[PDB]
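What follows is a set of notes on a single structure, which appears directly below.
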Amino acid sequence: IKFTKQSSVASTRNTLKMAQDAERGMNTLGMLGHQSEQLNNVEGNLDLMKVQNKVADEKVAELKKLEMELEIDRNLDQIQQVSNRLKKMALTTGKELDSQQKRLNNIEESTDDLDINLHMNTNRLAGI
Amino acid sequence: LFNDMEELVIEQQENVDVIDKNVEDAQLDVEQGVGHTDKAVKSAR
Amino acid sequence: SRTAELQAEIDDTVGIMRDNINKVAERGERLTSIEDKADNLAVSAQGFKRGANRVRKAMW
Amino acid sequence: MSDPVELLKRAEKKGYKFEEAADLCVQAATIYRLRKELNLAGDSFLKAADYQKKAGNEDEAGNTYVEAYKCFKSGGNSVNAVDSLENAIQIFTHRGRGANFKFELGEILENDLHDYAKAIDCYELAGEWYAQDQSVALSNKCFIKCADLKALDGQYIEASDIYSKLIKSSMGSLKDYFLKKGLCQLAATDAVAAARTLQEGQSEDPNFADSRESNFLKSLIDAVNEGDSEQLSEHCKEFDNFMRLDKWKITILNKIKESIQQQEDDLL
Amino acid sequence: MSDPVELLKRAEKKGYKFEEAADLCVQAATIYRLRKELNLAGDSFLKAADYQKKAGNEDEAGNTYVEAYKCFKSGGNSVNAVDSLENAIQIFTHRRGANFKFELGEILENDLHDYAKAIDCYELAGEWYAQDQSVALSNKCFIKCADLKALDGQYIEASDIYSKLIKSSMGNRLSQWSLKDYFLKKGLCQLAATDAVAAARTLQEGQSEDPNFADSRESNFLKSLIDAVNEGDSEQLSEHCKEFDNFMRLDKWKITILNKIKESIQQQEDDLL
Amino acid sequence: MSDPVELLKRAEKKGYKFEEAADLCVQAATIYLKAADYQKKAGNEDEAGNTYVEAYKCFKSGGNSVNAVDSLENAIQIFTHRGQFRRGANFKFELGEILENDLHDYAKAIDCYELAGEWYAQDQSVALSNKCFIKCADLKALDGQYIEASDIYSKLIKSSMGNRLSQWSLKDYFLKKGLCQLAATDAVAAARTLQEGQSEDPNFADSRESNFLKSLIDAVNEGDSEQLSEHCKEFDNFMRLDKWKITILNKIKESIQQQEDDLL
């Protein structure tokens, strides 16, 4: 009985250690926030390039025209606290990935369109 | 599961860095190009 | 009952994370494609700048 | 603002001449877009794209076709959007994107026009080209869509083959893949193949071995082996209670239960 | 392949002329990079960047300076990398500066151990990031700046930066833990400055403003440290530190802060005589 | 659509002329390497490299691994010659993957991974170089080069030290390194690695990997192969072993058997 309780204590200790390790997910959220700020910048630069390509279109067109029991309990307490916070983190991370996935899809499409507009105007300029 | 996710986002940080740099450079080159087409139109008129 | 609830929550969090891991794969892939296309965009922007400059010199 | 109708008339009269007509059509069409007359703007992009094709500027034509697809889709004209995507896809494929717009075309076919066979073809082709780009996941997404539609369309064997391809590409989603594959093999009355798939998944992927999906697939295989349709229903309810089922699984298991009923008809 | 030395000589002879010299230098330098002679390649990018500056192409000069920084850092020449980053930063600011200033501060802190310049770089990078509304990058820069400042004897300024971090991160669900630590760190700095009352004020503010921090182990640890300093029981502070370490490992920053605090208790014991 | 065969014939006849032949070849191929060769003859090396990448892309898709490898080699050479070592490293990693999985040419895969990691290090991309070095060390240890694999693991440890992000990697790194040192019969080096990991990384000190490595070191010291097997089963019960570890420990057990043969 004593041996089994000792094994249970050791098990809950390792589970707590791993749960704390898992929590240190937050580094992932921090990085996702940083990458989100960068993608916000990419989006702004792409919007500006869309406007500048409109101007380029019109200019190019005109150019062309021109004790053991208690510890088990306390460790379980701590594991429950961390597990709760881990669940919240997993949900938030999923939501953030969803939002960024749609943002990335739009970034990809806009980048392709801009690249093309630039190739178009470059070919037109070549002939002037 | 939290360990793997972290490693994977770190790898993707590189992609985000390169994308940010390239898009910034492209915007500045496009702005210069528009300036050139403006001066070209000014002369052609 | 408390330990069973904790186990259920951990299994659910594993589930949320199992979803999250699939999403981040789709995300790494999107970022690799966007990096290539952003490289394309940078090259095209430089080419456009140079072509416009050459036309500027021509009209002058 | 210039009258878009007059611009289109001038473009037709001029239709370098093709380039000028395309520019006039683009101007009229942007005016239409500014007026929220999305279908007319799409038609005018289409005319501009045709003129650009006549001018030899294939890339410009494809871009204009993409704009036509965009505005037709926003305007609710699915057929013209499909056509524009097709011309854009042909231009792009002929120029060295085809997969992106083919996936979009398959989405349009599946949701707006309900042309499931063409959607399956589009998804398969997009997945093949994405595989050709080593974008393992985009090909995997396209193959997921293709397998889902194929299984819903009565092609269980082909759907299972695509699921095997997905499993092989993703080795090293899988948990579901195995399950789905087995389900398809069970929709084809090939219980032995479903058991083989379950064993392969258990032995190759430790995560799938202890997964609820593996137990559910084993339970379904046992139920089909004993021909106990009620036991299969009980297992389905048990599986739903912890992990909600989706309409795809509903259809597969409904056809399986109707196959048990057909076997009961053969019992007489 | 062309001899990089001959290309550099031709560039010097030609040094439109500046553009041609810069192109020749870039060619010689790419050849050097191909030979893994990173320092010579960096010097050649630097010459090309100088010629580009003389030509009026400031953006190309900045890009070439960035390449100089890259290859000098890869080559182990930290000083030339610092110089290259400085010219690139100046070019960019006159027209990126924050990103390269953060990299420069990292280089100063790790490679050259010039902690004051690293603090200045981090502060400036955070300020510019704030001017761009990039809350997270400014927050990272301010974390680095506050950490170095507290390690450098500037406890009050580090606590002020921690207050700024707290204010910027309040209300954001992503940065909760950061706040939980922020409060603690701030209090620790205020306790390194012998300002126990301010540490108590910070603890009360954190408890009342952030419910997560109120029940956090960090809040209890900070309260225990405040009580220990109030009673002047250095051994009790050590016991609390060991208890805190047993559940949440301490880092070298906290080690230094609490060591100076304990030495301050010893200094108070010297004043007791 | 134009006949691709006729287009290829016209390209061959024309083969500015090289550019036109390359365009014709690209058209015929799109309908379906020669275009890249013509572009090289035309002096457009970058276009040749892009076309080689396209050749590699479709060869890999057609199951023709050899032509895919060749196309990657020409593209890598072109990119490296133009100072684009980033592209060269990416495609060298892809080439190493192709060699390891499709052609089973493990030595060339090791060379490709080592080179890709070195160039990535030259670009300060720590994580990609770390991935390439993981692959290189894994293959080298599986290939009988335990000392070199341990050295690469030491490099990985040094590069990942101080990063909160690569902790787990480190935890494994130390273990793997020790395992390699134990495959080389150098138990003292394995003990030194364990001590260094315990003293340098607090996470590794209390990690199950550290206990397993210590148990393996003790088992090799006492020459108790059965004890090593028991420790391996215990380690598997909580953390599943991978084929790399299986091979390393199998060679270690066979080395104990060789020592037993040497015992007589």
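By order of appearance in the structure tokens: chains A, B, ..., then residues from 1 within every chain, and ligands from 1 in the order shown.
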
Interface rows for chain A against chain E: nearest pair, Å to one decimal, 8 Å, only C-alpha atoms, as JSON lines:
```
{"residue": "A:26", "atom": "CA", "partner": "E:174", "partner_atom": "CA", "distance": 8.0}
{"residue": "A:29", "atom": "CA", "partner": "E:174", "partner_atom": "CA", "distance": 6.6}
{"residue": "A:30", "atom": "CA", "partner": "E:174", "partner_atom": "CA", "distance": 7.0}
{"residue": "A:33", "atom": "CA", "partner": "E:136", "partner_atom": "CA", "distance": 7.1}
{"residue": "A:34", "atom": "CA", "partner": "E:136", "partner_atom": "CA", "distance": 6.2}
{"residue": "A:37", "atom": "CA", "partner": "E:134", "partner_atom": "CA", "distance": 6.4}
```

Residue contacts of region 58-68 of chain A (8 Å, only C-alpha atoms) excluding same-chain residues fewer than 4 positions away, as a ChimeraX atom specification | /A:5-6,9,54,72,121,124-125,128 /B:37-38,40-41,44-45

If you keep C-alpha atoms, can you produce a file of those selected residues as a PDB file, in the first residue's frame?
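Saved the output as selection-v2.pdb:
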```
ATOM      1  CA  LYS A   5       1.068   5.548  -2.735  1.00  0.00           C
ATOM      2  CA  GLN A   6       4.708   6.490  -3.310  1.00  0.00           C
ATOM      3  CA  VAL A   9       3.057  10.675  -5.623  1.00  0.00           C
ATOM      4  CA  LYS A  54      -3.775  51.973 -60.056  1.00  0.00           C
ATOM      5  CA  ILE A  72      -1.415  13.704  -4.074  1.00  0.00           C
ATOM      6  CA  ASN A 121       2.998  47.353 -66.796  1.00  0.00           C
ATOM      7  CA  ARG A 124       3.835  47.640 -71.646  1.00  0.00           C
ATOM      8  CA  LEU A 125       6.714  49.941 -70.669  1.00  0.00           C
ATOM      9  CA  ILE A 128       7.440  52.460 -75.290  1.00  0.00           C
TER      10      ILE A 128
ATOM     11  CA  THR B  37       6.336  56.903 -64.937  1.00  0.00           C
ATOM     12  CA  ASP B  38       5.178  60.295 -63.649  1.00  0.00           C
ATOM     13  CA  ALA B  40       8.110  60.095 -68.129  1.00  0.00           C
ATOM     14  CA  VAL B  41       4.557  61.359 -68.655  1.00  0.00           C
ATOM     15  CA  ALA B  44       6.177  62.946 -73.167  1.00  0.00           C
ATOM     16  CA  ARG B  45       3.493  65.656 -72.951  1.00  0.00           C
TER      17      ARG B  45
END
```

Taking only C-alpha atoms into account, which residues of chain D are within 7 Å of chain F, as an mmCIF file with N, CA, C and O atoms, in the first residue's frame?
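Written output follows (selection_16.cif):
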```
data_model
loop_
_atom_site.group_PDB
_atom_site.id
_atom_site.type_symbol
_atom_site.label_atom_id
_atom_site.label_comp_id
_atom_site.auth_asym_id
_atom_site.auth_seq_id
_atom_site.Cartn_x
_atom_site.Cartn_y
_atom_site.Cartn_z
ATOM 1 N N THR D 93 -2.404 27.606 -67.011
ATOM 2 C CA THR D 93 -1.742 26.334 -67.230
ATOM 3 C C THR D 93 -0.901 26.397 -68.497
ATOM 4 O O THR D 93 0.250 25.961 -68.496
ATOM 5 N N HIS D 94 -1.427 27.015 -69.559
ATOM 6 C CA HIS D 94 -0.681 27.149 -70.806
ATOM 7 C C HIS D 94 0.580 28.016 -70.652
ATOM 8 O O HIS D 94 1.476 27.940 -71.499
ATOM 9 N N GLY D 96 2.768 28.140 -67.809
ATOM 10 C CA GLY D 96 3.713 27.736 -66.779
ATOM 11 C C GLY D 96 3.296 27.941 -65.324
ATOM 12 O O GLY D 96 4.122 27.717 -64.430
ATOM 13 N N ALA D 131 0.342 18.487 -55.628
ATOM 14 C CA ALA D 131 1.334 17.461 -55.374
ATOM 15 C C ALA D 131 2.510 17.751 -56.267
ATOM 16 O O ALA D 131 3.662 17.482 -55.914
ATOM 17 N N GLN D 132 2.213 18.169 -57.493
ATOM 18 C CA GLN D 132 3.280 18.544 -58.380
ATOM 19 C C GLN D 132 4.064 19.726 -57.841
ATOM 20 O O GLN D 132 5.256 19.775 -58.088
ATOM 21 N N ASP D 133 3.490 20.577 -56.986
ATOM 22 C CA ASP D 133 4.242 21.658 -56.336
ATOM 23 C C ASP D 133 4.850 21.289 -54.988
ATOM 24 O O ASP D 133 5.426 22.164 -54.336
#
```

Chain A residues near chain B (8 Å cut-off, only C-alpha atoms) as an mmCIF file with N, CA and C atoms, in the first residue's frame:
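Written output follows (iface_1.cif):
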```cif
data_model
loop_
_atom_site.group_PDB
_atom_site.id
_atom_site.type_symbol
_atom_site.label_atom_id
_atom_site.label_comp_id
_atom_site.auth_asym_id
_atom_site.auth_seq_id
_atom_site.Cartn_x
_atom_site.Cartn_y
_atom_site.Cartn_z
ATOM 1 N N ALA A 22 4.204 22.223 -20.648
ATOM 2 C CA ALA A 22 3.222 22.472 -21.693
ATOM 3 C C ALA A 22 2.796 23.929 -21.688
ATOM 4 N N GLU A 23 2.561 24.481 -20.496
ATOM 5 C CA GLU A 23 2.143 25.875 -20.399
ATOM 6 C C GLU A 23 3.195 26.834 -20.938
ATOM 7 N N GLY A 25 3.139 26.518 -24.816
ATOM 8 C CA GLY A 25 1.965 27.083 -25.472
ATOM 9 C C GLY A 25 1.920 28.599 -25.453
ATOM 10 N N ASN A 27 4.539 30.625 -25.222
ATOM 11 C CA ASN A 27 5.548 31.163 -26.102
ATOM 12 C C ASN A 27 4.969 31.127 -27.510
ATOM 13 N N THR A 28 4.208 30.072 -27.817
ATOM 14 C CA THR A 28 3.579 29.991 -29.127
ATOM 15 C C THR A 28 2.603 31.155 -29.336
ATOM 16 N N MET A 31 4.540 34.382 -29.974
ATOM 17 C CA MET A 31 5.068 34.382 -31.330
ATOM 18 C C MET A 31 3.954 34.630 -32.340
ATOM 19 N N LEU A 32 2.784 34.024 -32.135
ATOM 20 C CA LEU A 32 1.667 34.263 -33.047
ATOM 21 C C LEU A 32 1.218 35.723 -33.014
ATOM 22 N N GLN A 35 3.887 37.540 -35.070
ATOM 23 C CA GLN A 35 3.725 37.265 -36.482
ATOM 24 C C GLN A 35 2.462 37.945 -36.996
ATOM 25 N N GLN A 38 3.363 41.472 -37.746
ATOM 26 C CA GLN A 38 4.053 41.495 -39.029
ATOM 27 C C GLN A 38 3.078 41.349 -40.190
ATOM 28 N N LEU A 39 2.129 40.416 -40.084
ATOM 29 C CA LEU A 39 1.158 40.244 -41.159
ATOM 30 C C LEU A 39 0.259 41.471 -41.300
ATOM 31 N N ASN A 41 1.415 44.420 -40.978
ATOM 32 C CA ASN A 41 2.265 45.266 -41.813
ATOM 33 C C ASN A 41 2.277 44.862 -43.282
ATOM 34 N N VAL A 42 2.373 43.565 -43.539
ATOM 35 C CA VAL A 42 2.318 43.066 -44.901
ATOM 36 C C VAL A 42 1.034 43.545 -45.557
ATOM 37 N N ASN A 45 1.280 47.247 -46.514
ATOM 38 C CA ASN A 45 2.134 47.480 -47.679
ATOM 39 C C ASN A 45 1.455 47.011 -48.963
ATOM 40 N N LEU A 46 0.750 45.879 -48.905
ATOM 41 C CA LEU A 46 0.017 45.398 -50.075
ATOM 42 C C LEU A 46 -1.087 46.372 -50.483
ATOM 43 N N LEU A 48 -1.103 49.589 -50.036
ATOM 44 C CA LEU A 48 -0.452 50.735 -50.656
ATOM 45 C C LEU A 48 -0.034 50.401 -52.081
ATOM 46 N N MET A 49 0.514 49.202 -52.289
ATOM 47 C CA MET A 49 0.911 48.815 -53.638
ATOM 48 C C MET A 49 -0.285 48.707 -54.573
ATOM 49 N N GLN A 52 -0.843 52.255 -55.661
ATOM 50 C CA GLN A 52 0.211 52.689 -56.567
ATOM 51 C C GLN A 52 0.110 52.004 -57.926
ATOM 52 N N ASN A 53 -0.321 50.743 -57.973
ATOM 53 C CA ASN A 53 -0.544 50.101 -59.265
ATOM 54 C C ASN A 53 -1.691 50.751 -60.030
ATOM 55 N N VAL A 55 -2.368 53.945 -59.995
ATOM 56 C CA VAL A 55 -1.698 55.106 -60.576
ATOM 57 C C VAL A 55 -0.822 54.671 -61.747
ATOM 58 N N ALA A 56 -0.082 53.572 -61.578
ATOM 59 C CA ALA A 56 0.786 53.089 -62.648
ATOM 60 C C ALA A 56 -0.022 52.704 -63.881
ATOM 61 N N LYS A 59 -0.870 55.987 -65.696
ATOM 62 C CA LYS A 59 0.320 56.596 -66.290
ATOM 63 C C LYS A 59 0.844 55.794 -67.479
ATOM 64 N N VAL A 60 0.912 54.466 -67.364
ATOM 65 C CA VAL A 60 1.377 53.656 -68.490
ATOM 66 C C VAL A 60 0.428 53.790 -69.674
ATOM 67 N N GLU A 62 -1.476 56.370 -70.487
ATOM 68 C CA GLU A 62 -1.239 57.652 -71.146
ATOM 69 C C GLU A 62 0.090 57.656 -71.900
ATOM 70 N N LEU A 63 1.151 57.090 -71.310
ATOM 71 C CA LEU A 63 2.428 57.007 -72.021
ATOM 72 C C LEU A 63 2.266 56.304 -73.360
ATOM 73 N N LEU A 66 0.724 58.529 -75.884
ATOM 74 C CA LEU A 66 1.622 59.579 -76.348
ATOM 75 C C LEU A 66 2.722 59.004 -77.232
#
```

Write out, as a tab-separated table, each residue of chain F that has an atom at most 10 Å from chain A, together with the closest pair of atoms and their distance in Å to one decimal, counting only C-alpha atoms, rows going by chain and rising number.
```
residue	atom	partner	partner_atom	distance
F:164	CA	A:27	CA	8.5
F:165	CA	A:27	CA	7.7
F:167	CA	A:21	CA	9.7
F:168	CA	A:21	CA	9.5
F:203	CA	A:21	CA	9.3
F:206	CA	A:17	CA	9.6
F:207	CA	A:14	CA	9.3
F:208	CA	A:14	CA	9.4
```
